[PDB]
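Shown here is one chain on its own, the form deposited in one PDB entry, set out as structure tokens.
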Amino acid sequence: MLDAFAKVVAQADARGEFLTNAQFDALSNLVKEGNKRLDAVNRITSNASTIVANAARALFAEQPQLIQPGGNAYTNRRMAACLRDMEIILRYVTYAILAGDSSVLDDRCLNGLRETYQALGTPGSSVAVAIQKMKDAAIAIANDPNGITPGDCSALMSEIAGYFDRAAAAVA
């Protein structure tokens, strides 16, 4: 597991080189944006249950075949597993947001997951839809202008959107 800082270190060491002025300045900016990052993480985590539930309800409304008899999310066991996966993915996405690097998400969550779903008969394209919805709500919650010092978090929202699309791409 790497964060944004260790990633530079690991790249510098492979070269056997000290950090450059460009790298030092690149990492100082990350620090200077740290407050916004923590807000995003605090905001998405404080509404994790709503993001999951509301995304689940929307998915089943658009794809009612997943919950009809014979569907992959039919029976409470499968429904619970499905909601669980959604929590798991959102959990490791917030891990990536805090670290500033996707490695934790790739290694501990998206690695081999596409194969897991194919062996079980779970439609990965439907999982991606579930992920895209958590994303929209997560960004909407994270970038809410209310009750927070005004400022520009657009670069941060683009990064967060990337981790979600990465998970969606990995399962489809």
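Only the largest set of C-alpha atoms that superpose within 1.5 Å between the two forms is called the rigid core. So that there is no doubt, residue numbering starts at 1 and follows the sequence shown.
Undergrad: In the PDB record, does 122-130 or 37-45 carry the higher mean Cα temperature factor?
TA: The entry gives the higher C-alpha B-factor average to 122-130.
Undergrad: Averaging CA B factors per stretch from the PDB record, which one is higher: 108-116 or 48-56?
TA: Comparing averages over the C-alpha atoms only gives 108-116.
Undergrad: Say you rank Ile160, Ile148, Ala14, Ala22 by Cα B-factor from the PDB entry; which sits at the top?
TA: Max CA B-factor in the entry, restricted to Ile160, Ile148, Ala14, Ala22: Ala22.
Undergrad: Where does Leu2 sit by CA temperature factor within its chain: lowest, middle or highest third?
TA: According to the entry, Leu2 has a C-alpha B-factor in the chain's middle third.
Undergrad: Sorting by Cα B-factor within the chain, modelled residues only, which third would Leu156 end up in: lowest, middle or highest?
TA: Top third by C-alpha B-factor.
Undergrad: Select lowest, middle or highest to describe the third in which the CA B-factor of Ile141 falls within its chain in this entry.
TA: Ranked within chain, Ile141 CA B lands in the middle tercile.
Undergrad: Would you mind ranking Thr94 by its C-alpha B-factor against the rest of the chain and naming the third, lowest, middle or highest?
TA: It belongs to the lowest third of the chain when residues are ordered by C-alpha B-factor.
Undergrad: Which third, lowest, middle or highest, does the CA B-factor of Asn72 fall in along this chain?
TA: It falls in the top third of the chain.
From this point on, the text means the form deposited in another entry, which you will not see here.
Undergrad: Picking from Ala155, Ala161, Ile148, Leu19, which residue has its CA shift by 2 Å or more between this form and the one not shown, once the rigid core of the two forms is superposed?
TA: The one that shifts is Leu19.
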